[PDB]
Amino acid sequence: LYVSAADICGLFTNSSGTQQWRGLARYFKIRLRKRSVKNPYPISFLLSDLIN
Amino acid sequence: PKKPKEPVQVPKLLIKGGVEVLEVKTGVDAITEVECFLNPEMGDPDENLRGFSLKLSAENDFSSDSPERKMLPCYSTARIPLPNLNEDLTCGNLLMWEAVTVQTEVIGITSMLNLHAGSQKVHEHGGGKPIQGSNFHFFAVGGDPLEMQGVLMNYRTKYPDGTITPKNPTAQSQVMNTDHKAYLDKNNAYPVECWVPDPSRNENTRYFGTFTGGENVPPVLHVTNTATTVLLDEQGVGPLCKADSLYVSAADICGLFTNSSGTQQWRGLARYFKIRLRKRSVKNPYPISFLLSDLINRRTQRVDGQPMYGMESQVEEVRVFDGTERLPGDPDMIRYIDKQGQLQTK
Ligand SMILES: [Ca+2]
């Protein structure tokens, strides 16, 4: 399960004025289940990768 | 009014286009026709002079012969990636592509009528000397790479680094030598003067070629879109594409181009190909224990144990017991199977 994020939350300005970024962490709550799918790759695809 | 007669059922074109068209999910009885070409690899001595070779070294010594890479014509080769026939066959059947029919042609044959192009003056006030000399026209179509044979002359020739050559030639290499087997696995490397296709090992390709060697012979070239070469064997099968790949090879030396100073160099032309494909039901010749043996041998750790196989093996006796028999009087007996039947020494 591939989870990716990018949270830039503005510019922190220092005492001398020198700005710099600031980010915060991001929570994830993924609800999964078991999906019945069809086998895409039989042993004909699988034998032919040995010859590959 | 009067309706015309019903037109004859021809095969239905689904999509014409480039190489991206092969990906279409079609039925079982689909047929494709791949049209392609190969450029000759004649040496190309600079960027302005594609299709020619470098000028020929005239009289090298037989012992100290050392040619250069730009004057050796090489074989052309190419692999055409085919998509997989992803099906759901039973009892170990598959589908593979089959090269049914090739239809080849040399592209550019009337370019040799250019006589005002730095060719040698044919007589005192004549035109230009046309391209003529030793010519070789080859093409090979198969589902495997072109397996060839290293047979040359003058084994003491010092070839350059770019050309791949027969390894360690002897005097036996000037005739048939079984040690010089190789594939055609690289474009513009294998020179024509060292490598002939192997008559003993091209079980899956169909290679066709002719050679005519003379000081001045006519290059006779025919150009036609109705000629048709059938690639089927005695059993009615063509080149099967084991890996989903179609291998196309060629070599077209047309002759020697004599310059105005009298200095000769080669000339090559391209070669059109038109392979007609179909889908063949074959069987799986291999058991399931080749799939699983390759899965295990890349997930189990490699153990550097003591030798348990070979000439320094440490397995001393293996005995196989199957079924019951009456008690034999010799416990130190020796039993095996020789060629077909169970034999029993002492
Ligand atoms: Ca053979």
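Heads up, the Cβs are rebuilt from the backbone with ideal geometry, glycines too, and the neighbour counts pull from every protein chain shown. Please treat every number below as a calculation from the coordinates, not as lab data.
Residue exposure proxy: B:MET148, B:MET153, ordered by other Cβ atoms within 10 angstrom of their Cβ from fewest to most, comes out as B:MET153, B:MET148. Ignoring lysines fewer than eight residues from A:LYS38 along the same chain, the ones with Cα atoms less than 22 angstrom from its Cα are B:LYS25.
Taken about its Cα centre, the protein assembly as shown carries a charge dipole of roughly 2120 debye when the Cβ of each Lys and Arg holds +1 and the Cβ of each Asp and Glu holds -1. For the protein assembly as shown, the 222 nm mean residue ellipticity estimated from helices alone, with every DSSP H stretch of n ≥ 4 adding -39500 (n - 2.57) and the total spread over all residues, rounds to -1000 deg cm²/dmol. The dipole here belongs to chain A: it is taken about the Cα centre, uses +1 on the Cβ of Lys and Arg and -1 on the Cβ of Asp and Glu, and is about 460 debye. Taken about its Cα centre, region B:169-243 carries a charge dipole of about 180 debye when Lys and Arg each add +1 at the Cβ and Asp and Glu each add -1 at the Cβ. Legend: mean number of C-beta atoms from other chains within 10 angstrom of residue C-beta atoms, peptide B:208-218, equals 0. In terms of distances greater than 27 angstrom between alpha carbons, the cross-link table entries B:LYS5/B:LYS274; B:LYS12/B:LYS274; B:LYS70/B:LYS181; B:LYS186/B:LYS242; B:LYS16/B:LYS70 yield B:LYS5/B:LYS274; B:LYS16/B:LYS70. Shape index of region B:299-346: Rg/Rh, with Rg the Cα radius of gyration and Rh the Kirkwood radius from the inverse mean 1/r over Cα pairs, equals 1.13. Ranking B:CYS36, B:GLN149, B:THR170 by Cα position along the charge dipole of the protein assembly as shown, where only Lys, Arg, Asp and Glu carry charges on their C-beta atoms, puts B:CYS36 farthest toward the positive end.
For the protein assembly as shown, the fraction of alpha-carbon pairs lying more than 27 Å apart is 69 percent, rounded to a whole number.
Counting Cβ atoms of other protein chains within 10 Å of each Cβ in A:38-45 and taking the mean gives 4. Distance between the C-alpha centres of region B:84-120 and region B:259-282: 9 Å, rounded to the whole angstrom. When peptides B:280-290, B:305-315 are ranked by their average number of other Cβ atoms within 10 Å per residue, the highest-first order is B:280-290, B:305-315.
The stretch between B:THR229 and B:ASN168, if pulled fully straight at 0.36 nm per residue, gains 18.1 nm over its current Cα-Cα span.
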